[PDB]
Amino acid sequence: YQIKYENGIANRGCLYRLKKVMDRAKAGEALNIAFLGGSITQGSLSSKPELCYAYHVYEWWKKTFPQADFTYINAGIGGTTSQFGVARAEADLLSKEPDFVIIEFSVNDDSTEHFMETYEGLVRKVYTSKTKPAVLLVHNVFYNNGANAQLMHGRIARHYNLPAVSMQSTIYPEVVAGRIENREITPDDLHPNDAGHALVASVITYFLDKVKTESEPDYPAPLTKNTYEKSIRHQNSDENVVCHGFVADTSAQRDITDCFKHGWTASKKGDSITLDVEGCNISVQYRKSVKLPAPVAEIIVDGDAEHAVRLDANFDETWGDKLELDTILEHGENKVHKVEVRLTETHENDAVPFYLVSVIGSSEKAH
C-alpha cells in the first residue's frame, strides 16, 4: 500500500499555538502532551501501552526535541463521547495543565447536530482554558464502511481555525481499494492493532513534522447553541443528594479508566435517589453490564413520571461493560431540576447491582 499523507490534513488551521509549543520545546522547556478521546486514544487494541498512537505521538515530541522534558497525559476512556469529554475535561485533562491536546472523538460521537453541539462545548472549554493549549483534532474512521463524525467535527475545526488530521482520507482509501486487508490493521473494523496504531500515528507525525519545518484569530461566537460548554457532573460528593436505597460507592478510583466509581449502587426494587441538578440539559451515566442479568431503573425529571426514561443495565452487546450516557432533557428550561432514579426491575439471580455513575447538568456559557 501507499498512503497519500497530504490527504490526511483535513484542516491546516492556525498554527500559532502549535508553533509556540515547538519553540518552547526547542528552548528545552518542560511540556505536557495530552490526549482526550475514546478507546482508540486509551490504546485499544495495541499489544502494549507503548505501541498505541498516543504514545507514538508522545515519542515524536521526545525524539524531535531531546532537550525538552515531556509528560504523557492519556485521558482516553473507552466507549465514551465528547458529551462525557466536556463534563470530565476539568478533572481529567485541564487539571494536568496541558500544553498540547489531541481531541479524538470522531468514531465515538454519532454524526449528528447533538454531537456537533457537545464537541463545540468541549473545544471551547479546552481552547479557552488557563494554559491556552495547542489543540489538534484527530478523526479516526470505521473500516467496515468508511464512516465517521468528521462532517460535524470538521465544521467546528474550521469555525475555530484548528488543525485537524483524518484517517478517513488516508488509511480508509487504501482499505477500500483492497491494498490493506482490514484484519491486517484492525480485528473489529474500529480498534486498530499495533500495525494500525503505527499508521494512525504516522499520519499525525507527518503533519507535526510539516508544521515544525515550515497572531491568533479573534475568538468567535459559537456556531451551535453551545448549551454543553458548562457541564457539571453530580456524583456522590454532591451535598444536595438524598438516598432512599441507593448507596454511595466510596471506593478508590485507581485511574479514570476505572469508570464505575464515585457513584451509587442499588440491588432492590424500589431503591431510589433524588438529586437537584441545575441546567437546561440533563443526562445520566450508568453501567450497561455484560454480566447478566442486571436491574432496570427509570429516571424522572421534575415529576414528569408519565415520561420516565428506562435505564436498562442488561447490555445486549458483548465486547464489555459500557459506561452509558443518555440525554434525558435537552434545550429545556434553565433551572434547578429535580431528578429521581428508581429501580423498577430486579432478578433473584442478578450478577451485579445497578451502578448510577452521575447525573450531568449542562447550560450555555455566555459569549
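One-based numbering along the sequence shown.
- In the deposited sequence, the stretch from residue 181 to residue 182 has no residues without coordinates, so the chain runs on without a break.
- Mean CA B-factor, 136-144 versus 270-278: the higher value falls on 270-278.
- Averaged over CA atoms, B-factors in the entry run higher in 308-316 than in the other of 308-316 and 32-40.
- Highest CA B-factor among 262, 197, 291, 159, as stated in the entry: 291.
- The entry lists C-alpha B-factors for 86, 185, 103, 242, and the highest of these is at 242.
- Among the modelled residues of its chain, residue 360 has a C-alpha B-factor that falls in the lowest third according to the deposited record.
- Ranked against the other modelled residues of its chain, the C-alpha B-factor of residue 53 as given in the entry falls in the lowest third.
- Sort the modelled residues of the chain by CA B factor and residue 25 lands in the highest third.
- Remark: residue 352 belongs to the highest third of its chain, ranked by C-alpha B-factor as recorded.
- Ranked by Cα temperature factor within the chain, residue 328 sits in the middle third according to the deposited record.
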